[PDB]
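**Q** just coords:
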Ligand SMILES: *Cc1c(COP(=O)(O)O)cnc(C)c1O
Ligand SMILES: *Cc1c(COP(=O)(O)O)cnc(C)c1O
Ligand SMILES: *Cc1c(COP(=O)(O)O)cnc(C)c1O
Ligand SMILES: *Cc1c(COP(=O)(O)O)cnc(C)c1O
């Protein structure tokens, strides 16, 4: 009847982004879930405690739970836990699955915050973090110790856009009985679902593409099994780092357009990468959709639908040229941190060294987050900025 | 030219305006989205610099609402815009500002039901004569204009029959006869049709529908062609206390950024659904401005840019019983409910849901038949949407 | 049992402010009502249309309806309708109950907006508005015509704080079969409930005291009968001027503290009025709690609990002195419009004439909205401002 | 001195600080409440003026959150404050920043259950030794300090037994032995007790409870006595990603304005309820710091300003069965649920609701008995509250 999914059918991809994890409010029929902006939940009696499923919003909240169900469906997981930020999701992984004496392999071109929270904080608990090059899966295979509990990949990596072969790394981790965690923030599940490729856990900064509007901060942990999910949920309650109901409402809203947003962003990004690869003031361009991409074979194997909204490039002249460019990049570009949004964002990490170069972050390196503006405004602005470099 | 400046002498392209129009980073903090001014009153520096920072009281104007207004005026091509609590409040403010006892007002006879009602049931008690006519032929409008006519109120496409009105032709008639042309282009969106570009004097929008597009907020907008019209609307909005709230304006500032890609996806889905329905052996008629049998095809091709919209309609064979049974059996992802324009596909019967206070005889005279079904297409996978309709039609 | 009011008992005053019109969410037990930030409501079938009570948020919304039930209980009415602003509530009254040829009596010292929306707008529909002095009920009795449909009182009046004898005016209106509408925004229902005194309709700007935090705009119409309530509700749907769910949530929150807020504000106001009445630069002080108040007998008859947070005074020296004072009133005072808030507000209407004087608004007249700051900071600041006058 | 300025050389009085602390009218518009910065990232003018307007990314700092932080630091009497998603996140950030393998940490054995758990169940796996002792006698703390002790974590009053700890005496001991004194004064609020005034090094607050006081938001705060401590907390908050959101900070900026009058009303109600319970023939024991039989009366009178708080506890005669029956029969306006501090009066059994993972033997050793009932008093009419309790007690 009306209001039911037909039994035995599974919604197709875009339908899940619109409707996944949500049904009309049973009480009123409201098409969107109400915002449970409240801390505590009244119990019918001492015996029917938790009979309606909730007690305290630090532990679980109905709006947050609806978003978690949607995210788990989109990523292909058993369940998801939502957090105040992406960093909270990551540090909850490190907190739950590592103890003194354990070993953790982390991609050496990881997002800066992940790298720092490993080196500067968790390492003081006598946890051994080792940073290696994930572009070759045999590097991971050869670096796993008996003490290794977690292999933490990221693909594409921030900011260099290196790819990690998630299926091969997952095979390696399964054989060694090690947890494979994948940060696929830059990919989004519309381009790559690491759980489909054998990862044990996915970490998402929902701040970036899930939101996509520069509106909220948020994080998510999607677990492949009930055992892992239960561990994450328990520790989230202890750490007090759950997402708020209002943030979950915003993200429930913005996730509905993730497919059409990422399609537009990636079409723009392809055109911008093609323009930059012919510009005489540009030394190198990094985009998984152009022929110069070093890991083109893996990109064709691992990416679905698109090649994403992120790109990078190196301006000729080094740091001084990159600075001149950044200082003269006009609207509609925004000069700032973050990525994944409707508003195109550009930044030069160097201005905002030996180890920097060891990563791949060269002096004139520019990270570009492509939005959904008209691509001719974006290209015209980059062309003008380059004329000052 | 430095970071934070636009290139001088360039007009930003359309999609850029949807993302950035009316909005710059916060001067104080650089926040990429301007903050929500969730506050009622504004402190003044002194008596002599009263209103020197531009604001006094949020019923009169609010900074978040004003940012949204500048963006909407830019998108619709107007001098200025006023934002309201609902689309109906926008419409009522136009009737309140531009009509007085003794005046005559031509309204499309297939107007959105609420417009028809607030005219017939409320403003008519002030001895304003509302005449409801067929706007499909602009000469009907020309020769229905009496010397008391002050306002011509068109809608295109019409809710729910999707009749079109030739906005450019009607505006030429209205300028010749010195009458105000107001056009409700809620169903079109400015991505498909901008009445101000076609000579209308005022545009009214229910931002509830496509501007929002997420079933999240209520809102309305009036976009005025001139400063004289805009100032009248603004003054009366302050008197009637029906301004939009800062929080609603923040939501709409956010959702408007994706209006082009949303409407493109909705319209692509709607074309495929209308083709599917037009071949279906249990469907009597299909109405969609983009299918080749559309009766006003030539006007649609003249007046619609990019797309033919997310709205369609159809009649199921068998009359009322079959339409009711089809409604009761349409599965998810469809939603059975009122409203339209949203990411979530919606289906309804205008006979019960919206045009219920229109007596059946007039209901039919309009075009709202027994088996008539209004469809608002969202952005789900079109194959899920068609699967659901095909199941419901097989049950009908 | 737990979760039930005991049958046959009525909650006392302050309990209604905390809990009136609201019960824990039946679905989850959430102690606060969820925010129904949604426009439309899914229907079970064509036959069970409106079976769950909602269809479209312009017509009715669950959060708004909870607030309406609370407000109706607090004011002692059959029902309430909530609006985007106080002015929307007022203009809905004028729209619903007046037609060409009708006559409307309005207090001549009404809030400026009410006066203007009558004179400048509704008068163009051939509605005859007559402004008279409501301090004497026999003025109302003698001014009622056969065409009179509405008598619109306000007590205390903005800004002069004149009182209207609501019970006597109601008796007069009942005998003439005329609708008595009362704007009791300045009083709040904690000090005066016009429905208890025989008024037919109450109008509230919830912006002022119901909110009390300078946070939201809002309005309410509380009707004494189902017939009146139904008329107001129908026209609200036509006018499209309903309150939003988010605003209703804020007001559901802030109404809980209205009694303790108004108690503190009124204690401060009494002390400030006593200070000003001894200051040599102050010509007159207007406060219903000091002995100089002209309508002291009516204030003692008509006011409950307190004498309110509003006061007024005239500085010696006229307009120039008032301006000097306003320009030198220090924090914690705020120089701005509105009233009723935690933050003390001061304004001089003259700077921000014959008819002005006809009202009672003299040149050096200052309207003071007392907040909940420490009264010694407030008095010290007024003393300093006066030293510049 | 002009409008918008404070009088120079005057310290604003306490209630004024609750209304206005940390907040001035918006410089750009004069908005009396500063807007909600609902945005993630902040645009920079150039490379060389990076962070010149003070913000870059909302995980690190946000303008609305920073306004709330300045207000909280002013109210609690600290150098600075950091705001967090929850009280538990504040507490966990303190344990994460100031403890390392091999360190010893003295915690009150009647600490709030979540604190006890995150110590025992999580941080202990890093080879941090948490020792749980009786803080009612400060010499217990003095002689329990081992040379590995880095942190002494007190709570007063304790959740749920309402035991007090002599904050000034414990701080003197901690300064003599060069150990960090952290105090959770959630149950007290700064209106009743400011641990930083009494020599504590750090205060931790669950703003969820009384700062909010309306059951609306979750939140936490860490208030630091010095710049060195504050900078450590701020740095680690950015690493752990547990900052408060702008919307929650806006809500708390609003609710904090009424904290004094709320706590005054709650505390007046609570005194009357505790007196009523102490005379009731079906009540075994009543615990409230303001009734004359309170065991730590002298410390309460030394350490509590204005009030003795909204929290009380009692045991019903008959043990577990009678307590359960009383719970199942307490009517509205009471609410049966977790949490505390709110306008809405709340009642619960810590045995099931909060301290359930504490085994019964330890449960009793603490003071959490079978018939033990924790009561959070709101601002309803006290006669309705007493009526409800009297009915429930008659059913017990
Ligand atoms: C942004 C980012 C993070 C951190 O998420 P936050 O929401 O900023 O805390 C983690 N991983 C990647 C790849 C990121 O881009
Ligand atoms: C929805 C609608 C309106 C009324 O707008 P509301 O936001 O519902 O008040 C007006 N015109 C059209 C064409 C509509 O569809
Ligand atoms: C403020 C006010 C109004 C108008 O209410 P708004 O919410 O500002 O539209 C009406 N009556 C009185 C007495 C007022 O003070
Ligand atoms: C509530 C509570 C906490 C934990 O705070 P949350 O906001 O629930 O994370 C800490 N200490 C005390 C005394 C508490 O009552």
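**A** Nice, I can see it. Numbers count the residues shown, from 1 in each chain, chains lettered A, B, ... in the order given. Ligands and ions are numbered 1, 2, ... in the order given.
**Q** identify the bridge partners of residue A:347.
**A** With DSSP bridges as the criterion, residue A:347 is bridged to residue A:367.
**Q** number of residues surrounding it?
**A** As a burial measure, residue A:347 scores 24 neighbours (other C-beta atoms under 10 Å in any protein chain shown). C-betas here are computed from N, CA, C, even on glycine.
**Q** so who does it touch?
**A** A:326, A:335, A:336, A:337, A:366, A:367 (C-beta atoms under 8 Å, 6 or more residues apart in numbering or on different chains).
**Q** any idea how far residue D:43 is from the fourth one?
**A** Meaning residue A:337. Distance of residue A:337 to residue D:43, given as C-beta to C-beta, to the nearest Å: 10 Å.
**Q** and for the third one?
**A** Shown here: residue A:336 relative to residue D:43, a distance of 5 Å by C-beta to C-beta.
**Q** next one: the second one
**A** Going from residue A:335 to residue D:43 by C-beta to C-beta gives 6 Å.
**Q** excluding chain neighbours, give the residue nearest to the residue positioned nearest the centre of chain A in space.
**A** The centroid of chain A falls nearest to residue A:185 when counting by C-alpha atoms, centre = their mean (1.4 Å). Nearest in space to residue A:185, with sequence neighbours left out and distances taken as C-beta to C-beta, 6 or more residues apart in numbering or on different chains, is residue A:205 at 4.5 Å.
**Q** quick one: contacts of the longest helix along chain A?
**A** When chain A is scanned for its longest helix (criterion: DSSP state H), the result is helix A:258-276. With contact meaning C-beta under 8 Å, 6+ apart, helix A:258-276 is reached by A:13-14, A:17, A:188, A:190-191, A:209-210, A:212, A:282, A:285, A:287, A:289-290, A:305-311, A:313, A:342, A:368, A:370-373, A:375, A:378-379, A:382-383, B:258, B:261-262, B:264-265, B:379.
**Q** quick one: that helix to chain centroid distance?
**A** Centroid separation between helix A:258-276 and its chain, computed with C-alpha atoms, centre = their mean, to the nearest Å, is 18 Å.
**Q** only the buried residues of that helix, if you could.
**A** For helix A:258-276, a neighbour-count test (16 or more other C-beta atoms under 10 Å in any protein chain shown) marks A:258-273, A:275-276 as buried.
**Q** tell me the angle that helix makes with helix B:259-278.
**A** 120 degrees (axes from the mean of the first three to the mean of the last three C-alpha atoms, to 10 degrees).
**Q** ends of stretch A:196-212, what's the gap?
**A** 23 Å (C-alpha to C-alpha, to the nearest Å).
**Q** that one and ligand 1 in contact?
**A** Yes: counting by C-beta under 6 Å from any ligand atom, ligand 1 has neighbours in stretch A:196-212: A:205, A:207, A:208.
**Q** save those residues as JSON lines, and put in secondary structure too.
**A** Formatted as JSON lines, the residues of stretch A:196-212 next to ligand 1 follow (DSSP: H, G, I helix; E, B strand; the rest coil):
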{"residue": "A:205", "secondary structure": "strand"}
{"residue": "A:207", "secondary structure": "helix"}
{"residue": "A:208", "secondary structure": "helix"}
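**Q** tell me the one of these nearest chain C?
**A** Within those, the smallest distance to chain C is 21.1 Å, found for residue A:207 (C-beta to the nearest C-beta).
**Q** for that closest one, what are its contacts?
**A** A:85, A:86, A:216, A:217, A:218, A:219, A:338, A:340, D:40, D:59.
**Q** I'd guessed the first one sits against residue A:219; true?
**A** By that I understand residue A:85. Yes: using C-beta atoms under 8 Å, residue A:85 makes contact with residue A:219 at a distance of 5.0 Å.
**Q** show me the common contact partners of these two, please.
**A** Listed as contacting both residue A:85 and residue A:219 by C-beta under 8 Å, 6+ apart are A:205, A:207, D:241.
**Q** and the first one, what are its bridge partners?
**A** So that's residue A:205. residue A:219.
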